[PDB]
Amino acid sequence: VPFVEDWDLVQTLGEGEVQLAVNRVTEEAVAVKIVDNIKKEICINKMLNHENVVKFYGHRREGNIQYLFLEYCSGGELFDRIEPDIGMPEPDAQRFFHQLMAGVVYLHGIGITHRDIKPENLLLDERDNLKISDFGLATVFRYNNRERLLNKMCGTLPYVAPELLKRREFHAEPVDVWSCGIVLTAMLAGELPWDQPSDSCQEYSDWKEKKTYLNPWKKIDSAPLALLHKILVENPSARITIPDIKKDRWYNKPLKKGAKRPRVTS
Ligand SMILES: COC(=O)Cc1ccc2c(c1)NC(=O)c1ccc(-c3cncn3C)cc1N2
C-alpha cells in the first residue's frame, strides 16, 4: 500500500527532541524521539512489552540522527495532573500508583531499573492509563540470574534514594521503590518533601524525626501516610519491597469507581 510508511511531524512534545507524528494514510499518531546511552536506550526498549510501559515500535538511523518510534500518550505527563500545593483526589492517586507498581514490577522482573521515576516520566494515554517513559537512564541490574550492584549516581535529586548519596554501592530495586514513594507524596500533597534526602536537608531531618504535623505530610491521610512511612525508610534493606506494598492497607482500600459508562433510566 503506497504512502503508509510516510509520517508527518505535526507538533513538538519535548526538548534532543520529541515530535508527534501522524501517518499520511491511516492517521495513526506515534511519538518520534530524535537523538543526534542511545545504543542502550534502543536495546532496553526492544525488551519491553507491558501495558504500563511506553511501547517501542522500532527505530531508523538516518546518518548520525536516530529516530525512535514510540507509543503516543495523548493525556501527556502525570506532572500536569498534580495541582501545586494540593495534589489530586486520593482515588485518582491510588489508581495511578497501582499502574505505576504494575509497570515497575514488570521492569524489575525482566532485570531492568528505570533509575529516573518522576511524574514528568509517567505519561497518560487517552483513557488516563499510566505508562512509564524514557529509558535513556535505564540499565540491566540482573543478568543470567545474577544481581549486579549499582554505583553510578543518576536520577533527579528530589526523587533519589539516600543510599545513592551515602554509599559507594547499592541494590537497584529499593532505589526505584523510593522514587515511587516521592511520586505518591507529590500526587497526594502537590509538593516535593525535600531538595535531596540528606542529613544537611532540614525537611529530611524532620521526616526521620516523625514531624508529620508539618507539610507535605499534614495534607496526607493516615492510611496512605502509613504506606509512605514504610517506603521512605533511609535503610534500603529495611525499606518495604513491592510484594509487601501490594499487601498494604491503603493500597488495597476501595476508593475509586470505574470508568463512567453510559446509562439511561426507566
Ligand atoms: C498535556 O499535554 C498533552 O496532552 C500533550 C503531550 C505532552 C507531552 C507528552 C505527550 C503529550 N505524549 C507523549 O507520548 C510523549 C512521548 C515522549 C516524550 C518524551 C520526553 N522525554 C523523553 N521522551 C521519550 C514525552 C511525551 N510527553
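Here Cβ is always computed from backbone atoms with ideal geometry, including for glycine, and neighbour counts include all displayed protein chains. Computed from the coordinates by the stated procedures, all read-outs in this text should not be read as laboratory data.
Condition check ((1) assigned to a helix (DSSP H, G or I); (2) within 19 Å of residue 81 (Cβ to Cβ)) across all residues:
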site	(1), (2)
120	yes, yes
127	no, yes
153	no, no
173	yes, no
183	yes, yes
194	no, no
198	no, no
212	no, no
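Here residue 73 passes the criteria (1) touching a helix residue (DSSP H, G or I) at 6+ places or on another chain (Cβ under 9 Å); (2) surrounded by 15 or more Cβ atoms within 10 Å (Cβ to Cβ) except the one numbered (1). For region 135-161, the tally of residues that are within 11 Å of the ligand (Cβ to nearest atom) and either surrounded by fewer than 21 Cβ atoms within 10 Å (Cβ to Cβ) or under 9 Å from the mean Cα position of the chain (by Cα) (or both) stands at 2. Residues that are surrounded by fewer than 21 Cβ atoms within 10 Å (Cβ to Cβ) and among the charged types (D, E, K, R) within region 119-133 comprise 120, 125, 126, 127, 128, listed in sequence order.
Residue-level check: of (1) within 14 Å of the chain's Cα centre (by Cα); (2) on the phi < 0 side of the Ramachandran plot; (3) within 14 Å of the ligand (Cβ to nearest atom); (4) surrounded by fewer than 19 Cβ atoms within 10 Å (Cβ to Cβ), residue 54 misses just (4). If I filter region 75-95 for residues that are within 11 Å of the ligand (Cβ to nearest atom), in a strand (DSSP E or B) and touching a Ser or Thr at 6+ places or on another chain (Cβ under 9 Å), do I get at least one hit? For region 75-95, residues within 11 Å of the ligand (Cβ to nearest atom), in a strand (DSSP E or B) and touching a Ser or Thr at 6+ places or on another chain (Cβ under 9 Å): present.
Being of a type in the set (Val, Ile, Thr) and away from the ligand (no atom under 11 Å from the Cβ) is the requirement here; does residue 34 meet it? Judged against the criteria, residue 34 is not a match.
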